[PDB]
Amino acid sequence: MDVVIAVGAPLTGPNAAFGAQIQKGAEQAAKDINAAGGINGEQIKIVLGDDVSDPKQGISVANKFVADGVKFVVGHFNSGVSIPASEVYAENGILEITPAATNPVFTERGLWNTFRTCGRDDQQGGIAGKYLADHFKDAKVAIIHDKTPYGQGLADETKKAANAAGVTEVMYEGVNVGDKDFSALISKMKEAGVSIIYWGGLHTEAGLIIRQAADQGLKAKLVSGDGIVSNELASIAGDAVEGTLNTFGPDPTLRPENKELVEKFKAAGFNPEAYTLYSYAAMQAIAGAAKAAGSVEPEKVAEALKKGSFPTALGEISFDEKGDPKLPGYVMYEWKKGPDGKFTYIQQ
């Protein structure tokens, strides 16, 4: 009997590009694992669910997955979607491994079923806050967030770390996801002499802020997190994106062992940037744990995940008792033109 594994992701909406990263990564992994004999001799069957980065629609997706006999979910992208969805999964025998949701709460509720291949925002904010102090000790910093669990959570972790390292922000403000006119906020930052904008949120709002700041004559560098790692940031922001900084884990497209895999994605018409291989790796973790467990039962796969180590596109993966991966930490990237002439994030 096929092992039904769902991709829960923002396939449409503002974060569609990330939905594609997750979908393409998981789909290719399923194909590759199936070509090698499947999981414990059984083929993977992928089902898709589009959460539109909307917790309400994520819950409907979660319900659809339960009804369709889903056993494992790779996803979701947004913490505000993944946290509520994970409860539905936890109550209905479904293991969820997110490749991108970073809010600490996701693995801090004592649920048997929650795992990640990505890091978490207490780790990320620690790195970011220390970076602000190390490189912009005397700068006037504005901390702006998108009023979501993820965005404000990351801003707050960064604030805490920056504050402890001697940087006191001159502004701390929330904006609403979906809002697009930042003129007043940018003017306020200009009046305040802001030269650094720390952004707790995603690429859509980040790109709008970067572009509008340039247009309005606010000379400030935007610093953000894992939420902005898409080419679409550059598409929205334009050339003004140059110099932008953000934290992200290791870039797995740069791992030598992934050379052929990355070439294969490109031959299929997809640029497997950012979370693509984090999603690929989540599928690999499920397969490896099931192999070790001698079972495809989600509860048994969960126990196996917390015991052993497994080969993935991210490197050898293992998990702590809360479901968080033991993988390399966050590093700071800068936006610059890559060898292909496009602005992208490159590790400093």
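Quick note: we count residues from 1 along the sequence shown, nothing fancier. Only the largest set of C-alpha atoms that superpose within 1.5 Å between the two forms is called the rigid core.
Taking the rigid core as the alignment reference, the C-alpha atoms of 333-341 lie farther on average from the displayed form in 4 other deposited structures of this protein than those of the other stretch among 333-341 and 6-14. Comparing 122-130 with 271-279, the stretch with the higher mean C-alpha B-factor in the PDB entry is 122-130. Look at the mean CA B-factor for 248-256 and for 223-231 in the entry; the higher one is 248-256. Looking at 239, 91, 108, 146, the one whose CA carries the top B-factor in the deposited record is 239. Residue set 153, 84, 201, 217: peak C-alpha B-factor at 217 (per PDB entry). In this PDB entry, the Cα temperature factor of residue 211 sits in the middle third of its chain's modelled residues. When the modelled residues of the chain are ordered by C-alpha B-factor, residue 38 sits in the highest third. When the modelled residues of the chain are ordered by their C-alpha B factor, residue 160 lands in the highest third. In this PDB entry, residue 300 carries a Cα temperature factor that places it within the middle third of its chain's modelled residues. Per-chain ranking of the deposited C-alpha B factor places residue 135 in the highest third.
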